[PDB]
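To start, the structure under review is shown below, and the notes come after it.
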Amino acid sequence: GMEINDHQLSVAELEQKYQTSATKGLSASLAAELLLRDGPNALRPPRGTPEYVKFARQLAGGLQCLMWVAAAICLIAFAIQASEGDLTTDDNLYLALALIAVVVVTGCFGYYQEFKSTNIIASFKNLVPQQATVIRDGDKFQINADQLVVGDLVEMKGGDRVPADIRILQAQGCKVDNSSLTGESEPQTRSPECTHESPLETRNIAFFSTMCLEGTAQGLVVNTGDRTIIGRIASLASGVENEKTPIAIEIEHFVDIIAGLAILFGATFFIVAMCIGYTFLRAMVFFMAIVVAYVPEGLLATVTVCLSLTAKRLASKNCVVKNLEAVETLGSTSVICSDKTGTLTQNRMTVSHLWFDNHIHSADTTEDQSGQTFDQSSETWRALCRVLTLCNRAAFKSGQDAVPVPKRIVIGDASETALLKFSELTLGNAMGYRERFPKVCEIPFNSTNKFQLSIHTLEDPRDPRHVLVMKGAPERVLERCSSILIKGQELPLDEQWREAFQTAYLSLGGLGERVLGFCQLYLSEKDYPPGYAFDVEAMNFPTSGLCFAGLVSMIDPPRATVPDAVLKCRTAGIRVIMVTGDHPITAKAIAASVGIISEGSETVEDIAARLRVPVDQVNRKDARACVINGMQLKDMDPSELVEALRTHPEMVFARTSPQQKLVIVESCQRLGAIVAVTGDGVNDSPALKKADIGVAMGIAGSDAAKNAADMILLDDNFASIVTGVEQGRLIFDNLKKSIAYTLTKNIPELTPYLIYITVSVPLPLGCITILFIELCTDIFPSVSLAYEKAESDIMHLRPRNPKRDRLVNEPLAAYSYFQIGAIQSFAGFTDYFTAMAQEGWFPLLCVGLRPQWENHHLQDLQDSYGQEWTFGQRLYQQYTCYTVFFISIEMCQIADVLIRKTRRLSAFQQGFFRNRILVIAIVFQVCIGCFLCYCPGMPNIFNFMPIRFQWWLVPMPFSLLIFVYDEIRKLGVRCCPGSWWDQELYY
Amino acid sequence: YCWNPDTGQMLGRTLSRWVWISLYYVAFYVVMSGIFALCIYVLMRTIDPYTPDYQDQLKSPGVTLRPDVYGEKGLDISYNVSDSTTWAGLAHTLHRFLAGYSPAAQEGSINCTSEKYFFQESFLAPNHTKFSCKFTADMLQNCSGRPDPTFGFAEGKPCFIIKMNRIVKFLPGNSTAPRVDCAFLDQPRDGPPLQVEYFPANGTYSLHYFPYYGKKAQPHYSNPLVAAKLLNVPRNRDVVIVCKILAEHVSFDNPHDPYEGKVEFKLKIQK
Ligand SMILES: CC(C)CCC[C@@H](C)[C@H]1CC[C@H]2[C@@H]3CC=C4C[C@@H](O)CC[C@]4(C)[C@H]3CC[C@]12C
Ligand SMILES: *[C@@H]1O[C@H](CO)[C@@H](O)[C@H](O)[C@H]1NC(C)=O
Ligand SMILES: *[C@@H]1O[C@H](CO)[C@@H](O)[C@H](O)[C@H]1NC(C)=O
Ligand SMILES: [K+]
Ligand SMILES: [K+]
Ligand SMILES: [K+]
Ligand SMILES: [Mg+2]
């Protein structure tokens with residue numbers, strides 16, 4: 001079922017399977033029957049839901065389904081009192097359009113968090129060829145790709161990309177680029193032979209969008225459109241369950257807590273309201289006023305704004321997000337699955353070791369040449385360097401003198417590419433040293449030869465000799481060598497040297513690297529004059545008994561900042577997994593090189609050999625590490641996969657289908673994981689989508705990855721991931737300090753209306769001045785905590801448990817609401833009663849006064865000095881309790897923001913003004929509060945009165961209180977982490 | 001979604017923790033309640049009994065008229081001079097209003113014949129308070145229920161009662177006793193000015209009624225009244241009559257406060 005099995009079948013079983021011919025192609029008719037059976041050969045573009053219906057849910061939710069009903073209580077309270085002629089209650093038209101403005105701006109504060117939103121299947125139609133070259137009715141012509149059908153007989157040639165999933169029948173020196181399948185850009189030969197059980201390995205299958213590099217081929221289309229291998233890759237990319245992000249679930253958690261809490265409070269006092277005697281057309285205008293008081297309107301704002309002041313900080317260190325939800329995901333991530341090629345690596349074949357002086361010297365594999373150089377004073381070495389430099393046909397292009405040797409562009413294959421660059425580093429110039437020794441002859445690397453060979457005259461005028469240089473497949477370089485350089489001498493090749501060489505070329509062969517022999521020989525002037533008639537195809541020169549000069553080996557080396565980055569993340573408790581398509585034995589070596597595997601860790605295939613015991617006998621548990629190939633995984637249950645992921649802590653997967661990357665990534669997510677994925681290639685996209693954060697490499701990234709990723713490291717500096725963890729743990733711990741500041745004030749916003757409903761005292765805090773506390777004065781101070789530095793060394797902490805530790809947990813809410821908010825309500829009501837008592841109305845008088853207070857028809861209400869008070873003289877003072885409770889709150893939202901600086905330290909033992917942005921928010925909190933208070937026009941427009949200076953002082957012991965109540969608590973958990981003071985009153 | 005059962009085993013923790021936390025939280029809660037009450041007890045220990053600290057919403061007093069039959073957006077007094085059971089709901093609301101103004105409900109006050117600020121600084125009256133000055137029914141003379149216990153209402157020239165809003169220590173001035181003067185707001189181009197006649201003479205309020213020293217210092221003190229005998233208002237027309245108080249320390253130019261020194265009332269005298 002869709003399993004490409006056509007590589008196994010014969011030529012005869014094929015014209016039966018597609019009713020076709022082997023040299024004629026299909027019949028012109030049948031090429032349409034299949035097209036009108038299977039549709040065209042292209043990629044079905046999956047539209048998401050439209051661009052405006054993702055504005056439609058952004059206006060719904062737990063805080064958004066309430067602020068629709070309170071603007072529907074405000075336009076059914078500007079509607080039952082405007083048909084009756086009551087122009088005075090445009091306090092509910094001013095209160096309907098400002099709440100729907102809180103619906104849509106907060107709706108714009110959740111939609112403008114999608115920067116790109118680019119279609120992923122945008123970049124799957126750009127790796128594809130426009131036209132093919134087919135045969136039908138035995139005539140060769142040129143056709144559109146989207147006209148190829150299952151059974152079409154196509155011709156490939158190098159330079160064009162492959163136009164279908166095509167089983168090859170004949171092919172002449174044909175090679176492809178299967179990075180898009182393996183992530184590996186090393187040519188893969190193809191042939192009519194069925195060289196594997198899997199069609200992903202065998203050579204008689206060529207895949208849609210694979211760039212055919214060199215040669216020709218003819219074969220039959222076997223899969224089409226989305227049925228091709230690269231098409232299956234696209235179906236998993238777009239077609240991923242868009243699970244909410246970590247913070248999204250946490251956002252929706254406390255929304256559901258507050259959405260439940262706002263519906264208890266207001267709707268047990270609607271039962272109270274009708275049952276202590278208000279009518280229904282009053283009792284419905286208490287829920288509305290309670291919910292505006294309890295719900296923090298501009299909370300959702302302060303959240304997303306905070307996320308931006310991280311994202312910018314991320315961008316400035318060249319890490320750009322694509323939606324704000326990602327900016328935190330790293331700090332909550334437990335597991336990182338990474339591609340190897342051009343993710344941790346440089347995807348650039350480069351030199352690593354060179355066997356000479358019967359000992360393996362370690363070369364310097366870094367993109368900036370930082371690390372450990374090797375032994376270059378050996379006279380036996382400076383010959384080995386003379387052979388590889390000369391015997392090299394690659395070349396730098398003109399005009400790259402300001403380019404780093406690694407990042408230069410070289411003509412030829414990656415082998416000579418590596419050596420040439422290495423030659424440009426140890427030597428000053430690799431090209432000039434090849435011209436002082438001009439070349440007279442050559443044989444390039446052939447395959448009947450299975451080596452390379454060239455012969456040159458010398459730079460020395462006094463030396464007239466001829467020097468032969470050669471390189472080839474290490475074993476074959478030995479059996480045409482009879483002498484050897486050890487430390488400066490030359491020695492015969494006994495059976496003790498033909499054993500110490502077959503040691504090293506198999507030693508580094510366990511590090512999984514390309515190995516190359518090297519050898520030389522100086523042709524004497526007595527049988528080869530300094531102008532001698534060298535004739536190549538005649539083959540008069542000896543081509544044996546040459547002086548071996550030393551192996552060299554090369555590998556796909558890691559990036560400069562990767563092995564330190566990896567160590568930092570496991571030091572943050574994070575488990576790291578290699579997930580690659582590369583061959584197993586390069587992978588394992590790379591994993592220990594970057595530090596996915598730690599010094600001393602063993603496979604079951606490392607143990608069994610040190611004990612000399614077969615592998616089935618090994619106890620699995622013993623192994624610190626394990627390695628699993630593409631076949632093995634497919635042979636596994638997932639039941640066996642978890643037992644494995646459990647059993648061995650350091651894991652390496654390799655030769656993996658892009659299909660299988662995802663499996664692993666979600667097979668972790670099922671165990672409750674927050675999963676990051678870093679990647680660069682077309683193989684990587686589906687596990688970049690499904691990952692709770694996907695990261696792609698900015699430069700070396702293939703587009704399909706980049707358009708699937710949520711984060712983009714522009715500079716590929718992988719150690720950026722560590723900075724994003726730091727700022728995702730920081731933002732996580734810096735969001736719950738801001739929320740508590742925003743949430744504690746919701747209690748002194750609420751308690752007035754409750755009292756005002758029951759005790760029938762005047763309204764202490766009006767819905768207008770509440771909306772200014774929430775939507776202005778305490779916006780800046782709420783956000784300024786996004787600039788707190790950690791209290792514990794955050795990178796030594798394990799990553800949080802994503803079930804247990806939450807953003808708004810039950811203890812934080814209760815402490816801000818019930819305790820801090822109580823003191824904030826007990827300053828606010830201490831100020832409400834001094835302003836009432838110093839201006840005419842004593843305490844008991846307030847009880848039951850509201851009905852006489854809120855009366856247009858009574859312009860004479862005699863107070864507690866008998867003084868008669870007009871309705872405007874009374875409502876002017878109702879504004880002087882709007883504006884005196886309001887400032888009792890603002891005085892407690894300074895001591896708040898200073899005890900929302902620290903969760904474990906004292907503000908004493910770190911400091912008070914260490915955050916400089918915080919102390920700039922406080923002076924704005926204060927000075928928008930005086931602007932509203934004192935500015936002319938404020939009493940009538942915004943309902944704000946120029947209060948007396950003693951009414952700022954009344955809530956000041958209450959603020960000095962709030963600070964030191966939290967102070968004693970912060971020390972209290974320090975000196976005793978165990979006892980009841982820690983386990984119940986911490987947040 | 002399946003089935004969503006409750007969380008009865010959600011005693012979030014154990015019944016010893018909940019007695020532990022609860023008696024903590026209320027130990028917090030009541031401590032504050034006694035600190036908050038300690039404050040309002042210190043608050044009601046700084047206050048002064050006869051004089052308010054600040055009158056921040058009492059610069060110019062309000063002014064209020066009787067009979068008070070309201071409609072939407074203002075005072076409206078639209079009756080029937082002939083028909084007698086639609087001015088008996090305005091004639092009785094002026095009477096029962098004055099049922100605390102008679103010489104017997106004025107048994108507490110003393111006659112002031114000073115006609116200047118009634119300045120008192122120590123307490124001589126029955127039960128240690130300051131003295132007041134009478135205001136009686138008959139002083140509105142023809143608009144007091146005698147000789148007119150329908151208050152000019154049958155004769156198309158009724159008698160409203162303009163009532164000031166007394167204020168503690170409030171000095172309106174002492175060069176003159178401040179008067180009433182009720183006239184149209186829109187002077188009609190074909191009609192005449194609202195010719196009107198006040199009780200007692202000039203429509204003033206005597207200077208011996210002030211200063212007010214609280215409802216504790218002059219307990220039985222009564223506001224002085226006036227009664228404008230409105231003559232002109234033509235029959236079957238809707239006019240607007242503004243009843244101001246002109247004075248030294250009084251204004252009537254507050255566009256947010258329509259009952260501050262002036263009281264605007266629609267009036268219709270049908271036939
Ligand atoms: C002061 C008087 C009048 C009210 C007392 C009501 C009691 C039953 C209320 C008031 C405060 C409430 C507590 C406030 C905070 C928390 C912490 C939270 O993690 C669980 C619920 C819990 C523990 C609440 C339980 C019920 C509670 C104790
Ligand atoms: C106080 O004096 C008044 C005199 O007006 C008297 O009527 C009243 O009964 C007295 N009350 C007390 C408690 O002495
Ligand atoms: C008015 O009052 C002042 C009090 O400051 C007083 O000195 C003055 O004599 C009075 N003048 C008149 C005309 O009553
Ligand atoms: K609010
Ligand atoms: K690539
Ligand atoms: K994702
Ligand atoms: Mg790659």
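The way I read the labels, and the way they are meant: chains A, B, ... in the order of the structure tokens, residue 1 as the first residue of every chain, and ligand 1 as the first ligand shown, with later ones counted on from there.
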
Practice task
Provide as a PyMOL selection string the residues of chain A at most 7 Å from chain B, counting only C-alpha atoms.
Solution key: chain A and resi 826+830+834+838-840+859-860+865-868+870+872-873+876-877

Which residues form the shell of 7 Å around ligand 7 when you count only C-alpha atoms and all ligand atoms, given as an mmCIF file with N, CA and C atoms, in the first residue's frame?
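The result, stored in result_27.cif:
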data_model
loop_
_atom_site.group_PDB
_atom_site.id
_atom_site.type_symbol
_atom_site.label_atom_id
_atom_site.label_comp_id
_atom_site.auth_asym_id
_atom_site.auth_seq_id
_atom_site.Cartn_x
_atom_site.Cartn_y
_atom_site.Cartn_z
ATOM 1 N N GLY A 183 18.912 14.667 4.149
ATOM 2 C CA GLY A 183 19.643 15.796 4.684
ATOM 3 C C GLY A 183 21.106 15.797 4.319
ATOM 4 N N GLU A 184 21.534 14.872 3.463
ATOM 5 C CA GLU A 184 22.938 14.671 3.143
ATOM 6 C C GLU A 184 23.167 14.995 1.672
ATOM 7 N N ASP A 339 18.766 17.605 13.926
ATOM 8 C CA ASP A 339 19.527 17.121 12.790
ATOM 9 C C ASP A 339 21.021 17.254 13.063
ATOM 10 N N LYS A 340 21.806 16.418 12.384
ATOM 11 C CA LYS A 340 23.262 16.512 12.458
ATOM 12 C C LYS A 340 23.806 17.393 11.339
ATOM 13 N N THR A 341 23.537 17.016 10.091
ATOM 14 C CA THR A 341 24.071 17.745 8.949
ATOM 15 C C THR A 341 23.595 19.198 8.947
ATOM 16 N N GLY A 342 24.554 20.124 8.820
ATOM 17 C CA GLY A 342 24.317 21.580 8.763
ATOM 18 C C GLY A 342 23.371 22.074 9.852
ATOM 19 N N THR A 343 23.305 21.351 10.962
ATOM 20 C CA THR A 343 22.656 21.865 12.158
ATOM 21 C C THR A 343 23.717 22.012 13.234
ATOM 22 N N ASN A 347 28.227 20.912 7.471
ATOM 23 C CA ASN A 347 27.817 20.341 6.187
ATOM 24 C C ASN A 347 28.873 20.653 5.137
ATOM 25 N N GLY A 679 16.896 22.205 13.159
ATOM 26 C CA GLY A 679 17.028 21.573 11.861
ATOM 27 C C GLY A 679 17.307 22.561 10.749
ATOM 28 N N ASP A 680 17.597 22.003 9.571
ATOM 29 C CA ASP A 680 18.112 22.793 8.456
ATOM 30 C C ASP A 680 17.658 22.356 7.061
ATOM 31 N N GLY A 681 17.217 21.106 6.905
ATOM 32 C CA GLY A 681 17.023 20.522 5.598
ATOM 33 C C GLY A 681 15.586 20.095 5.363
#

Practice task
Could you pull out the residues sitting within 10 Å of ligand 2, using only C-alpha atoms and all ligand atoms, and write them as an MDAnalysis selection string?
Solution key: chainID B and resid 107:109 125:129 219:220

Handout entry: Contacts to ligand 6 at 7 Å cut-off (only C-alpha atoms and all ligand atoms) as a list in words
Key =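 Selection of residues at most 7 Å from ligand 6: residues 688, 689, 690, 691, 692, 693, 694, 709 and 710 of chain A.
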
Listing only residues of chain A within 9 Å of ligand 1, what is the closest atom pair and its distance in Å (to one decimal) for each, using only C-alpha atoms and all ligand atoms, sorted by chain and residue number ascending, as JSON lines?
{"residue": "A:809", "atom": "CA", "partner": "ligand 1", "partner_atom_place_in_ligand_line": "19 (O)", "distance": 8.3}
{"residue": "A:810", "atom": "CA", "partner": "ligand 1", "partner_atom_place_in_ligand_line": "19 (O)", "distance": 4.7}
{"residue": "A:811", "atom": "CA", "partner": "ligand 1", "partner_atom_place_in_ligand_line": "19 (O)", "distance": 4.7}
{"residue": "A:812", "atom": "CA", "partner": "ligand 1", "partner_atom_place_in_ligand_line": "19 (O)", "distance": 8.0}
{"residue": "A:813", "atom": "CA", "partner": "ligand 1", "partner_atom_place_in_ligand_line": "18 (C)", "distance": 7.8}
{"residue": "A:814", "atom": "CA", "partner": "ligand 1", "partner_atom_place_in_ligand_line": "15 (C)", "distance": 4.6}
{"residue": "A:815", "atom": "CA", "partner": "ligand 1", "partner_atom_place_in_ligand_line": "15 (C)", "distance": 7.0}
{"residue": "A:817", "atom": "CA", "partner": "ligand 1", "partner_atom_place_in_ligand_line": "15 (C)", "distance": 8.3}
{"residue": "A:818", "atom": "CA", "partner": "ligand 1", "partner_atom_place_in_ligand_line": "14 (C)", "distance": 5.8}
{"residue": "A:819", "atom": "CA", "partner": "ligand 1", "partner_atom_place_in_ligand_line": "14 (C)", "distance": 8.3}
{"residue": "A:984", "atom": "CA", "partner": "ligand 1", "partner_atom_place_in_ligand_line": "19 (O)", "distance": 8.2}

Contact check, chain A to ligand 4, at most 12 Å, counting only C-alpha atoms and all ligand atoms, closest pairs as JSON lines:
{"residue": "A:63", "atom": "CA", "partner": "ligand 4", "partner_atom_place_in_ligand_line": "1 (K)", "distance": 11.3}
{"residue": "A:67", "atom": "CA", "partner": "ligand 4", "partner_atom_place_in_ligand_line": "1 (K)", "distance": 11.2}
{"residue": "A:99", "atom": "CA", "partner": "ligand 4", "partner_atom_place_in_ligand_line": "1 (K)", "distance": 11.0}
{"residue": "A:102", "atom": "CA", "partner": "ligand 4", "partner_atom_place_in_ligand_line": "1 (K)", "distance": 11.3}
{"residue": "A:258", "atom": "CA", "partner": "ligand 4", "partner_atom_place_in_ligand_line": "1 (K)", "distance": 11.8}
{"residue": "A:262", "atom": "CA", "partner": "ligand 4", "partner_atom_place_in_ligand_line": "1 (K)", "distance": 10.8}
{"residue": "A:288", "atom": "CA", "partner": "ligand 4", "partner_atom_place_in_ligand_line": "1 (K)", "distance": 11.3}
{"residue": "A:289", "atom": "CA", "partner": "ligand 4", "partner_atom_place_in_ligand_line": "1 (K)", "distance": 9.5}
{"residue": "A:290", "atom": "CA", "partner": "ligand 4", "partner_atom_place_in_ligand_line": "1 (K)", "distance": 8.7}
{"residue": "A:291", "atom": "CA", "partner": "ligand 4", "partner_atom_place_in_ligand_line": "1 (K)", "distance": 7.4}
{"residue": "A:292", "atom": "CA", "partner": "ligand 4", "partner_atom_place_in_ligand_line": "1 (K)", "distance": 5.0}
{"residue": "A:293", "atom": "CA", "partner": "ligand 4", "partner_atom_place_in_ligand_line": "1 (K)", "distance": 4.0}
{"residue": "A:294", "atom": "CA", "partner": "ligand 4", "partner_atom_place_in_ligand_line": "1 (K)", "distance": 5.2}
{"residue": "A:295", "atom": "CA", "partner": "ligand 4", "partner_atom_place_in_ligand_line": "1 (K)", "distance": 4.8}
{"residue": "A:296", "atom": "CA", "partner": "ligand 4", "partner_atom_place_in_ligand_line": "1 (K)", "distance": 4.2}
{"residue": "A:297", "atom": "CA", "partner": "ligand 4", "partner_atom_place_in_ligand_line": "1 (K)", "distance": 5.5}
{"residue": "A:298", "atom": "CA", "partner": "ligand 4", "partner_atom_place_in_ligand_line": "1 (K)", "distance": 8.0}
{"residue": "A:299", "atom": "CA", "partner": "ligand 4", "partner_atom_place_in_ligand_line": "1 (K)", "distance": 9.1}
{"residue": "A:300", "atom": "CA", "partner": "ligand 4", "partner_atom_place_in_ligand_line": "1 (K)", "distance": 12.0}
{"residue": "A:742", "atom": "CA", "partner": "ligand 4", "partner_atom_place_in_ligand_line": "1 (K)", "distance": 9.1}
{"residue": "A:743", "atom": "CA", "partner": "ligand 4", "partner_atom_place_in_ligand_line": "1 (K)", "distance": 8.9}
{"residue": "A:744", "atom": "CA", "partner": "ligand 4", "partner_atom_place_in_ligand_line": "1 (K)", "distance": 10.5}
{"residue": "A:745", "atom": "CA", "partner": "ligand 4", "partner_atom_place_in_ligand_line": "1 (K)", "distance": 8.1}
{"residue": "A:746", "atom": "CA", "partner": "ligand 4", "partner_atom_place_in_ligand_line": "1 (K)", "distance": 5.7}
{"residue": "A:747", "atom": "CA", "partner": "ligand 4", "partner_atom_place_in_ligand_line": "1 (K)", "distance": 8.8}
{"residue": "A:748", "atom": "CA", "partner": "ligand 4", "partner_atom_place_in_ligand_line": "1 (K)", "distance": 9.5}
{"residue": "A:749", "atom": "CA", "partner": "ligand 4", "partner_atom_place_in_ligand_line": "1 (K)", "distance": 6.3}
{"residue": "A:750", "atom": "CA", "partner": "ligand 4", "partner_atom_place_in_ligand_line": "1 (K)", "distance": 7.8}
{"residue": "A:751", "atom": "CA", "partner": "ligand 4", "partner_atom_place_in_ligand_line": "1 (K)", "distance": 11.5}
{"residue": "A:753", "atom": "CA", "partner": "ligand 4", "partner_atom_place_in_ligand_line": "1 (K)", "distance": 11.9}
{"residue": "A:765", "atom": "CA", "partner": "ligand 4", "partner_atom_place_in_ligand_line": "1 (K)", "distance": 11.0}
{"residue": "A:766", "atom": "CA", "partner": "ligand 4", "partner_atom_place_in_ligand_line": "1 (K)", "distance": 10.8}
{"residue": "A:767", "atom": "CA", "partner": "ligand 4", "partner_atom_place_in_ligand_line": "1 (K)", "distance": 8.5}
{"residue": "A:768", "atom": "CA", "partner": "ligand 4", "partner_atom_place_in_ligand_line": "1 (K)", "distance": 10.1}
{"residue": "A:769", "atom": "CA", "partner": "ligand 4", "partner_atom_place_in_ligand_line": "1 (K)", "distance": 9.6}
{"residue": "A:770", "atom": "CA", "partner": "ligand 4", "partner_atom_place_in_ligand_line": "1 (K)", "distance": 5.9}
{"residue": "A:771", "atom": "CA", "partner": "ligand 4", "partner_atom_place_in_ligand_line": "1 (K)", "distance": 6.3}
{"residue": "A:772", "atom": "CA", "partner": "ligand 4", "partner_atom_place_in_ligand_line": "1 (K)", "distance": 8.9}
{"residue": "A:773", "atom": "CA", "partner": "ligand 4", "partner_atom_place_in_ligand_line": "1 (K)", "distance": 7.7}
{"residue": "A:774", "atom": "CA", "partner": "ligand 4", "partner_atom_place_in_ligand_line": "1 (K)", "distance": 5.6}
{"residue": "A:775", "atom": "CA", "partner": "ligand 4", "partner_atom_place_in_ligand_line": "1 (K)", "distance": 8.6}
{"residue": "A:776", "atom": "CA", "partner": "ligand 4", "partner_atom_place_in_ligand_line": "1 (K)", "distance": 11.4}
{"residue": "A:778", "atom": "CA", "partner": "ligand 4", "partner_atom_place_in_ligand_line": "1 (K)", "distance": 11.0}
{"residue": "A:779", "atom": "CA", "partner": "ligand 4", "partner_atom_place_in_ligand_line": "1 (K)", "distance": 12.0}

Exercise for the section: Could I get the residue neighbourhood of ligand 5 at 6 Å, counting only C-alpha atoms and all ligand atoms, as a list in words? Expected result: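 The neighbouring residues of ligand 5 are, in order, residues 681, 700, 701 and 702 of chain A.
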
Keeping only N, CA and C atoms, write the selected residues to a file as a PDB file, in the first residue's frame.
ATOM      1  N   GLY A 681      17.217  21.106   6.905  1.00  0.00           N
ATOM      2  CA  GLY A 681      17.023  20.522   5.598  1.00  0.00           C
ATOM      3  C   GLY A 681      15.586  20.095   5.363  1.00  0.00           C
ATOM      4  N   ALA A 700      22.086  27.963   6.458  1.00  0.00           N
ATOM      5  CA  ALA A 700      22.102  26.643   5.836  1.00  0.00           C
ATOM      6  C   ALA A 700      20.730  25.990   5.772  1.00  0.00           C
ATOM      7  N   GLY A 701      19.704  26.618   6.338  1.00  0.00           N
ATOM      8  CA  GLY A 701      18.366  26.078   6.280  1.00  0.00           C
ATOM      9  C   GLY A 701      17.832  25.967   4.869  1.00  0.00           C
ATOM     10  N   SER A 702      17.280  24.811   4.521  1.00  0.00           N
ATOM     11  CA  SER A 702      16.481  24.731   3.311  1.00  0.00           C
ATOM     12  C   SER A 702      15.107  25.316   3.603  1.00  0.00           C
TER      13      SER A 702
END

Exercise for the section: Identify, on the basis of only C-alpha atoms, every residue whose closest approach to stretch 91-96 of chain B does not exceed 10 Å; exclude the query and any residue fewer than 6 positions from it along the same chain; express the result as a PyMOL selection string. Expected result: chain B and resi 65-69+85+137+143-145+148-154+158-161

For the residues selected in the previous step, produce a file with C-alpha atoms as a PDB file, in the first residue's frame.
ATOM      1  CA  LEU B  65     -39.050  74.926  45.648  1.00  0.00           C
ATOM      2  CA  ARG B  66     -42.422  73.582  46.851  1.00  0.00           C
ATOM      3  CA  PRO B  67     -44.770  72.072  45.594  1.00  0.00           C
ATOM      4  CA  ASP B  68     -42.393  69.422  44.250  1.00  0.00           C
ATOM      5  CA  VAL B  69     -44.158  67.412  41.546  1.00  0.00           C
ATOM      6  CA  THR B  85     -58.933  68.043  42.223  1.00  0.00           C
ATOM      7  CA  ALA B 137     -46.233  79.929  58.725  1.00  0.00           C
ATOM      8  CA  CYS B 143     -49.126  82.215  50.634  1.00  0.00           C
ATOM      9  CA  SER B 144     -49.137  80.259  53.892  1.00  0.00           C
ATOM     10  CA  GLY B 145     -52.484  78.433  53.986  1.00  0.00           C
ATOM     11  CA  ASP B 148     -55.270  80.905  51.163  1.00  0.00           C
ATOM     12  CA  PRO B 149     -55.188  77.147  51.936  1.00  0.00           C
ATOM     13  CA  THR B 150     -54.969  76.384  48.250  1.00  0.00           C
ATOM     14  CA  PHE B 151     -52.000  78.788  47.859  1.00  0.00           C
ATOM     15  CA  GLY B 152     -53.191  80.987  44.996  1.00  0.00           C
ATOM     16  CA  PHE B 153     -53.897  77.921  42.886  1.00  0.00           C
ATOM     17  CA  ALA B 154     -57.605  78.381  42.167  1.00  0.00           C
ATOM     18  CA  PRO B 158     -50.105  80.373  42.672  1.00  0.00           C
ATOM     19  CA  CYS B 159     -47.520  80.555  45.493  1.00  0.00           C
ATOM     20  CA  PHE B 160     -44.254  78.616  45.215  1.00  0.00           C
ATOM     21  CA  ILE B 161     -41.877  78.438  48.190  1.00  0.00           C
TER      22      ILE B 161
END

Exercise for the section: Could you pull out the residues sitting within 10 Å of ligand 3, using only C-alpha atoms and all ligand atoms, and write them as a VMD selection string? Expected result: chain B and resid 115 to 117 171 173 to 177 207

Contacts of residue A:852 at 12 Å (only C-alpha atoms; same-chain gap of 2+ positions) as a JSON list (two decimals) with C-alpha atoms, in the first residue's frame:
[["chain", "number", "residue", "atom", "x", "y", "z"],
["A", 760, "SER", "CA", -26.09, 50.51, 50.44],
["A", 761, "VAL", "CA", -23.19, 52.90, 50.98],
["A", 762, "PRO", "CA", -22.22, 55.24, 48.08],
["A", 845, "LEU", "CA", -24.67, 57.44, 57.88],
["A", 846, "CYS", "CA", -23.31, 55.62, 54.81],
["A", 847, "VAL", "CA", -25.37, 52.51, 55.57],
["A", 848, "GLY", "CA", -28.63, 52.76, 53.64],
["A", 849, "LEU", "CA", -27.75, 56.24, 52.38],
["A", 850, "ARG", "CA", -27.24, 55.31, 48.70],
["A", 854, "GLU", "CA", -28.48, 58.62, 44.25],
["A", 855, "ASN", "CA", -31.60, 60.74, 43.85],
["A", 856, "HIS", "CA", -32.18, 63.53, 41.33],
["A", 857, "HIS", "CA", -35.53, 64.52, 42.90],
["A", 858, "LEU", "CA", -33.89, 65.35, 46.27],
["A", 859, "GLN", "CA", -31.69, 68.47, 46.27],
["A", 860, "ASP", "CA", -31.53, 68.85, 50.06],
["A", 861, "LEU", "CA", -30.03, 65.76, 51.75],
["A", 862, "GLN", "CA", -29.08, 66.93, 55.25],
["A", 863, "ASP", "CA", -25.85, 65.24, 56.34],
["A", 869, "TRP", "CA", -26.35, 68.83, 49.58],
["A", 870, "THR", "CA", -27.53, 69.11, 45.98],
["A", 871, "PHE", "CA", -27.39, 66.08, 43.69],
["A", 874, "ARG", "CA", -23.17, 64.99, 46.19],
["A", 875, "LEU", "CA", -22.11, 63.40, 42.89]]

Practice task
Within 9 Å of residue B:110, counting only C-alpha atoms, which residues show up once you throw out same-chain ones fewer than 3 positions away? Write them as a list in words, please.
Solution key: residues 106, 107, 131, 132, 133 and 134 of chain B
